[PDB]
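S.K.: Fold the following and give me the result.
(chains A, B, C, D, E, F, G, H and I, ligands or ions: 29)
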Amino acid sequence: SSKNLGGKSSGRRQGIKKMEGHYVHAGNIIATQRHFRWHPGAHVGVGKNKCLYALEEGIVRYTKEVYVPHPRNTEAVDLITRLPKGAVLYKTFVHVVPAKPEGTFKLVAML
Amino acid sequence: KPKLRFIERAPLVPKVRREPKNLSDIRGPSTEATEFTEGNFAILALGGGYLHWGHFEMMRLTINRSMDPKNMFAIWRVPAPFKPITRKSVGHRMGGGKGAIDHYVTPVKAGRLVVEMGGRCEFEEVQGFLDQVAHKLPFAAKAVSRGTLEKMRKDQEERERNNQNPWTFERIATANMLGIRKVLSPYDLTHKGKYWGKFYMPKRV
Amino acid sequence: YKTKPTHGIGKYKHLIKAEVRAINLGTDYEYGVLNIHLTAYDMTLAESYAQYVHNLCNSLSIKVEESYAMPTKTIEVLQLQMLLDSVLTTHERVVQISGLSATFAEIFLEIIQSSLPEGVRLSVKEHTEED
Amino acid sequence: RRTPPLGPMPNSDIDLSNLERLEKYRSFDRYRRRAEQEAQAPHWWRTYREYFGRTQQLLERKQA
Amino acid sequence: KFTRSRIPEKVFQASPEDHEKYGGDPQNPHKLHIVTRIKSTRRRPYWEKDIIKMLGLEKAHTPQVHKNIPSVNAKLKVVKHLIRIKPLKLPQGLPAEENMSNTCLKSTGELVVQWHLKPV
RNA sequence: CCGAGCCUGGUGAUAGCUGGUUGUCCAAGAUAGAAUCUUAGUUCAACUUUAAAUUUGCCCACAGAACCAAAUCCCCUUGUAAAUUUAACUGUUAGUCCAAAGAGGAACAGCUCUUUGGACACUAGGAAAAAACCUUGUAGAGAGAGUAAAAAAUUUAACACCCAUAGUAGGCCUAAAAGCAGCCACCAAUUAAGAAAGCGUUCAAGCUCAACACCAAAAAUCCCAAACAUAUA
RNA sequence: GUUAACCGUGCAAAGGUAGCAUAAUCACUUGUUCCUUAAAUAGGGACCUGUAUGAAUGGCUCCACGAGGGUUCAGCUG
RNA sequence: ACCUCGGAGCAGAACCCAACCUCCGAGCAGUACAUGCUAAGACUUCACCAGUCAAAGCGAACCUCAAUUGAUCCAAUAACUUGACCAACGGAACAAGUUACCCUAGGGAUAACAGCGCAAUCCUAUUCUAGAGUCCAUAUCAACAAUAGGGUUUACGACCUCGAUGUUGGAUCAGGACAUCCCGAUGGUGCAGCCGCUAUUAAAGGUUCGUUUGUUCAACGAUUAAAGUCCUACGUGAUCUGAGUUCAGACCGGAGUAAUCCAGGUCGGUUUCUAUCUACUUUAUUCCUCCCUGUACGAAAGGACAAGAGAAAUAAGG
RNA sequence: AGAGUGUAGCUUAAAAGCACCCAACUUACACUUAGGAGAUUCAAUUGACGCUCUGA
Ligand SMILES: [Mg+2]
Ligand SMILES: [Mg+2]
Ligand SMILES: [Mg+2]
Ligand SMILES: [Mg+2]
Ligand SMILES: [Mg+2]
Ligand SMILES: [Mg+2]
Ligand SMILES: [Mg+2]
Ligand SMILES: [Mg+2]
Ligand SMILES: [Mg+2]
Ligand SMILES: [Mg+2]
Ligand SMILES: [Mg+2]
Ligand SMILES: [Mg+2]
Ligand SMILES: [Mg+2]
Ligand SMILES: [Mg+2]
Ligand SMILES: [Mg+2]
Ligand SMILES: [Mg+2]
Ligand SMILES: [Mg+2]
Ligand SMILES: [Mg+2]
Ligand SMILES: [Mg+2]
Ligand SMILES: [Mg+2]
Ligand SMILES: [Mg+2]
Ligand SMILES: [Mg+2]
Ligand SMILES: [Mg+2]
Ligand SMILES: [Mg+2]
Ligand SMILES: [Mg+2]
Ligand SMILES: [Mg+2]
Ligand SMILES: [Mg+2]
Ligand SMILES: [Mg+2]
Ligand SMILES: [Mg+2]
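M.R.: Numbers count the residues shown, from 1 in each chain, chains lettered A, B, ... in the order given. Ligands and ions are numbered 1, 2, ... in the order given. Below is the structure:
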């Protein structure tokens, strides 16, 4: 008969959309997941899904940085407290090294 | 207590999750108990295979019968049976889910030492019944002292070194000389020529 | 990534342990969970003493697993001569201590003795109790 | 594949067999400080920095 | 699963013995390969076939020239069992404009800019 | 020829089902998945064909893709020649074996189900015959040439000759247990012979041994090429 | 509970009565026993957990009759 | 049994990935009431549909949660909005049994018969010596297990055949294997003799008649030297039977409201073919009797081989 | 009598940073907030007082 029934769910198609070095315009989704596999860094936002999106035009970069959580989020704090006195956690981040300058001064007129 | 203790069939706390039959616990050489631990003689398993409770019982009994308990002792080097095995009822059509659990079995790999022996004795005294045990067992097995084992290893090493055949298996594999990886397994880089399935060709190199 | 050289830089769970006998071996020794029962008549005093003990333990790199308090026993006594009542109370406060190597324990005991407050009594014994 | 690390990994020296003898950051502040220090150090794995970035007098003072 | 075989680079390192066996020297290495195909692209993976095509080795036994340089070498490695790689070596000077027409590839890999049909 | 007559008409009824579908020649061309009263079908996708516009497309190297094996993605060079879009369509959308990673089943199936790669459903040569193993593909004529894969090897168990007296029928235990039912002890005389290692004794007795001396096959019509150890790779 | 008259207890509209019974009657089933045969998974007669018998769904006897289906003495006959 | 949705494994490192594979769960709840309005740029459950995320801006402050859901048209509604366990969950606005009285179109894409594969089950032989066998593992039997082989059974699979490969038994005729039931020739024996048990070798010859029974089987009676095991499309229906069994009639029990049904029982129930081709159509065993003999052997009970003579029986040929 | 030297507990600090102490939250610890205390042993890289170590 088969006692087990139910798990016929498809794959979520999650993962990295933009790998390191890829040029990225503002608003594009860099990477999608459940549970922070990758974290947001410079010029990278977060949705409600934990999906990372780019906040500026330029090159995506991945980097191992030091994890220091917000003091109001409690679990992380607890974990930190638990750790021995020389250790630091480390975590993988996604930055967007911005390409163009925010703007340039151009000549309007000679008054 | 110098005597093989009772290895009861199944654990006392059984497991409701049915495992899939991964045969990779048979395939290849044993990562686990290759070397000794305070026992001069042993039964070396020269091949992979699952040990039923019956086999265990046999091992226990024969040794006990032909043991000199004051002068010698014995140890299990294999756990009690723990991998469950589902058999379906007699003569069912295919499908309708996975079958119910029947019996439990320890996987042994080649290179494992199954039973260990020690005490005031030579290997010549212990050979007789250990050989019998080996014969009884469900794989290539060999009654093996420490010294004997060492000798065997040395011989193997020599073979590896000596051979005038320029073409080893390893060389052909890793370099991918004939695109031969289209034939070979991905495990045939670590195992090399020596291991095929549960079988371990000890001569070849 | 796994194939990268940086693999497992985020690994933290081996730095945390998220999961009793008296081991007296041969040259390395351990007393098993010693309960220091601080019995006294003043509520404050016993507490103070307990606190001090705890502090000492902390200083000395010794674990303090439990530091509970036991209930106050109302020993109601009739002062016989004209019945004059005197409802006294005895307060027991505990500080459990695990690991302790040969030389340390004696020293600790000595320290405790030195520090003993005015009208307070000790009892150092094993954990096997029913609260 | 399983390449070895280029230089020394972080959190390698401190672990040991006995975790429960060690001091631990009972606070947040200490941890934060440590993190900052780590950040300040160079490392070998790329990072944010890679891509973006008398006696008499004393005596007198004391007297004062 | 059959896979796209990654080959370690201890395989591609010439020993002194190897050198002795074959012709070449480690200093002053050959510039150019003659790369001949000696095996079919059938009964093989598509990638290999593609590589072969790229190399210009559709015809067997019909040699092509190539540069002895990393990218090309990598490609060759992908299909090295399908092929015979031998160094192009020029005893006489390499072709000018007057010679061009008169050339001959030969066995033993040599271009030979004087090609007469007369004996010595 | 009645589960509801026969005839004519509606009726060229309707058939996701079967059968059939006619001159020549050339060219490109093989099966990810989706829903579905749907799994004998179909619409979309995917692959495929044509005509267009194009600018990159394959192959890729450092760097990079997480905490609780084999590889892959990404990817400049380089070797190459195409891929993407636009316009127009049909047809495939009931597959097989082989290698490899697995799952179900008996670590059964020419079994079933996924993935990765072959091959076949396209010619040829081999593996006896042979779809799926190997060698090999772009074509035609030649009474030319060099090659590729490509022919299965093995034959097996002799083994010792001699010589054995004693404290002692050790104690203990046992109706009796004598080297040998079970324990403790295992000392000791002569060159040399265990407080006995096989049998054997109801207990004894006799036989040895240790020691001196001496030096792989069995099934059903009829075995299945014929045959061959010797002139130079 | 005492093979049970009997007792205790529940549910029901009533609780299968007379009869007949291994039947042309789920299975167990070659049920058990007497006759029949040298020999009987057949036939006849008895016994009765038929747990799925049974009363105009007709129950049970019985005279005649039946190309109905079984068994059989004798005679006979390729 | 399942049918929609979600998490983990199979699927170990970008996506993707199955089974009537293994395991957990969902068909909400809580907090808000700017859960306002707009809008660059992306992801996407391999299509579409559905889903996801979101910079800036305007307007205001100073969402949690893994799944927690349902198209169109229709309804209800002044309007905003709200309607399904349409759970067969991409949903037909609303429909059920049965057919052996059946029919049609197909299918060897899919079963029963047979073959073929495989060999779990089944049978056989070795290995191993625990244990039985007053003692003694191997006269004989034999546990745990090991290594082979077979293709008698029950299955499993679905590769040939559904523009038909016709079935259970029996008759007829038998070809074959040997894993020998008898007949021969040996070895061992817990073989004195007679009987035996066991192993080697042997397939020239043979392997009964009845009661019951649709039956192979099975039981029983009488014998016999013996009344072998199997294969051959469960040998053999263009040679036969058709008692069973696969139809239309009918009863008993039961199931069902009923039509009707039952891997229940029972009475009844048409078996067609002139041979085109291949193939083919005259090559001694055994039992008993008499003696040997009431001898060998055995303490007695009992009781032989061989050698010889005579009678039969079947089979083959007249 | 000789050797090593010599920043408060400690330091590839140069008057630092960690250790430390009292309160208030705390059962207590821990955290946190308020406070608290501290040092170049002394004379021009040299010498003379302080320890540690080895002798008598
Ligand atoms: Mg899943
Ligand atoms: Mg799926
Ligand atoms: Mg029509
Ligand atoms: Mg259809
Ligand atoms: Mg073509
Ligand atoms: Mg529908
Ligand atoms: Mg198949
Ligand atoms: Mg199939
Ligand atoms: Mg050609
Ligand atoms: Mg003797
Ligand atoms: Mg009945
Ligand atoms: Mg009759
Ligand atoms: Mg009539
Ligand atoms: Mg999409
Ligand atoms: Mg905004
Ligand atoms: Mg539906
Ligand atoms: Mg649906
Ligand atoms: Mg009928
Ligand atoms: Mg029909
Ligand atoms: Mg078929
Ligand atoms: Mg069949
Ligand atoms: Mg015995
Ligand atoms: Mg058919
Ligand atoms: Mg036909
Ligand atoms: Mg025979
Ligand atoms: Mg037949
Ligand atoms: Mg016929
Ligand atoms: Mg009739
Ligand atoms: Mg006929």
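S.K.: Which strand or helix spans the closest residue to chain A within chain B?
M.R.: Residue nearest to chain A within chain B: residue B:97 (3.3 Å; CB to the nearest CB). Where you see a C-beta, it was placed from the backbone N, CA and C, and this is true even at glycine. Following DSSP states H and E, there is no helix or strand that holds residue B:97.
S.K.: again with residue B:125
M.R.: helix B:123-136.
S.K.: helices or strands next to the longest strand seen in chain C in the packing?
M.R.: Ranked by residue count, the top strand of chain C under DSSP state E comes out as strand C:84-93. The contact analysis (3 or more CB pairs under 8 Å, 6 or more residues apart in numbering or on different chains; DSSP states H and E) places strand C:84-93 against strand C:38-40, helix C:43-59, strand C:73-79.
S.K.: which residues are contacting the longest one?
M.R.: Contacts to helix C:43-59, defined as CB atoms under 8 Å, 6 or more residues apart in numbering or on different chains, come from residues C:36, C:38-40, C:63-64, C:67, C:72, C:91-95, C:97, C:108, C:111-112, C:115-120.
S.K.: Buried residues, it. List them.
M.R.: C:45, C:46, C:48, C:49, C:50, C:53, C:56, C:57 (16 or more other CB atoms under 10 Å in any protein chain shown).
S.K.: Excluding chain neighbours, give the residue nearest to the second one in space.
M.R.: Residue nearest to residue C:46 in three dimensions, not counting chain neighbours: residue C:40, with 4.1 Å by CB to CB, 6 or more residues apart in numbering or on different chains.
S.K.: quick one: the one you found and residue E:9, what's the gap?
M.R.: Note on residue C:40: its distance to residue E:9, by CB to CB, to the nearest Å, is 77 Å.
S.K.: More neighbours: those two, which one.
M.R.: residue C:40 (21 against 7; other CB atoms under 10 Å in any protein chain shown).
S.K.: tell me which of the buried residues of helix C:43-59 is nearest to residue B:18?
M.R.: residue C:57 (50.6 Å; CB to CB).
S.K.: one step back: test my guess that the residue of chain B closest to chain A contacts residue B:86.
M.R.: No - Residue B:97 lies out of contact with residue B:86 (CB atoms under 8 Å); the separation is 10.0 Å.
S.K.: contacting residues for residue A:64?
M.R.: With CB under 8 Å, 6+ apart, residue A:64 has these contacts: A:90, A:91, A:92, A:93, C:6, C:9, C:10, D:43, D:45, D:46, D:47.
S.K.: Phi and psi next, for the second one.
M.R.: Here is the backbone geometry of residue A:91 (degrees, to the nearest 10): phi -160, psi 160.
S.K.: just to revisit the earlier point, so which pair among the contacts of residue A:64 is furthest apart in space?
M.R.: Checking these with CB to CB, the most distant pair is C:10 and D:46, at 15.1 Å.
S.K.: where exactly do the strands run in chain A?
M.R.: Under DSSP E, chain A gives strands at A:15-16, A:23-24, A:29-32, A:39-40, A:44-46, A:52-54, A:58-65, A:91-98.
S.K.: Which among those strands is found nearest to residue B:24?
M.R.: Of all the strands of chain A, strand A:15-16 comes closest under CB to CB, at 27.8 Å.
S.K.: In its sheet, which strands sit next to that closest one, and in what direction?
M.R.: Partner strands for strand A:15-16, per DSSP bridges, with pairing direction: strand A:29-32 (antiparallel).
S.K.: For the strand it pairs with, C-alpha coordinates in PDB please.
M.R.: Extracted in PDB, the C-alpha atoms of strand A:29-32 (Å, rounded to 0.1, in the frame of the first residue of the first chain):
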ATOM      1  CA  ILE A  29      18.400  39.500  -8.100                       C
ATOM      2  CA  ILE A  30      21.900  38.200  -7.300                       C
ATOM      3  CA  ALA A  31      20.900  35.100  -5.400                       C
ATOM      4  CA  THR A  32      17.900  33.400  -3.900                       C
END
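S.K.: do that strand and RNA strand H meet at all?
M.R.: Yes - under the criterion of CB under 7 Å from any atom of the strand, RNA strand H is reached by strand A:29-32 at A:29, A:32.
S.K.: Now look at that strand and say if it contacts RNA strand F.
M.R.: No - applying CB under 7 Å from any atom of the strand, one finds strand A:29-32 separated from RNA strand F by no less than 7.6 Å.
S.K.: And for stretch E:86-96?
M.R.: No - using CB under 7 Å from any atom of the strand, stretch E:86-96 stays clear of RNA strand F, coming no nearer than 14.2 Å.
S.K.: For that stretch, buried residues please.
M.R.: Applying 16+ other CB under 10 Å to stretch E:86-96 flags E:86, E:87, E:88 as buried.
S.K.: Does the last one touch residue E:35 like I think?
M.R.: By that I understand residue E:88. No - look at residue E:88 against residue E:35 with CB under 8 Å: they stay out of range, at 9.6 Å.
S.K.: what do these two both touch?
M.R.: With CB under 8 Å, 6+ apart, residue E:88 and residue E:35 have common neighbours residue E:65.
S.K.: Helix or strand: which one has the one residue in chain E that gets nearest to chain D?
M.R.: Residue of chain E nearest chain D, by CB to the nearest CB: residue E:6 (8.0 Å). Per DSSP H and E: residue E:6 is located in neither a helix nor a strand.
S.K.: Report how many residues lie close to it.
M.R.: 8.
S.K.: any idea how far chain C is from it?
M.R.: From residue E:6 across to chain C, the span is 11 Å (CB to the nearest CB, to the nearest Å).
S.K.: go on, residue E:84?
M.R.: 34 Å.
S.K.: which non-adjacent residue is nearest that residue?
M.R.: Per CB to CB, 6+ apart, closest to residue E:84 is residue E:36, 4.5 Å.
S.K.: show me the contacts for that neighbour.
M.R.: E:57, E:60, E:61, E:62, E:63, E:64, E:83, E:84, E:86.
S.K.: Make sure it is indeed in a helix.
M.R.: No - counting by DSSP: H, G, I helix; E, B strand; the rest coil, one finds residue E:36 to be strand, located in no helix.
S.K.: Can you verify my assumption that residue A:15 contacts residue A:33?
M.R.: Yes - here residue A:15 reaches residue A:33: they are 7.3 Å apart, a contact under CB under 8 Å.
S.K.: Settle it for me: which of those two has more neighbours?
M.R.: Between residue A:15 and residue A:33, counting by other CB under 10 Å, residue A:33 is the more crowded of the two (15 against 11).
S.K.: could you measure the more buried one against residue A:10, distance?
M.R.: 16 Å.
S.K.: mind listing the strands for chain E?
M.R.: Using DSSP E, strands in chain E cover E:32-37, E:64-67, E:83-88.
S.K.: Outside of the last one itself, list whatever touches it.
M.R.: Read it as strand E:83-88. E:23-24, E:30-39, E:57, E:65, E:68, E:76, E:109-111.
S.K.: Pairing partners for that strand, with directions?
M.R.: strand E:32-37 (antiparallel).
S.K.: show me what contacts the nearest residue to residue B:38 once chain neighbours are set aside?
M.R.: Closest residue in space to residue B:38, ignoring its immediate chain neighbours: residue B:118 at 6.4 Å, by CB to CB, 6+ apart. Applying CB under 8 Å, 6+ apart to residue B:118 gives the contacts B:38, B:39, B:40, B:41, B:72, B:73, B:75.
S.K.: again, only using 6 Å
M.R.: Contacts for residue B:118 (CB atoms under 6 Å, 6 or more residues apart in numbering or on different chains) come out as B:39, B:40, B:73.
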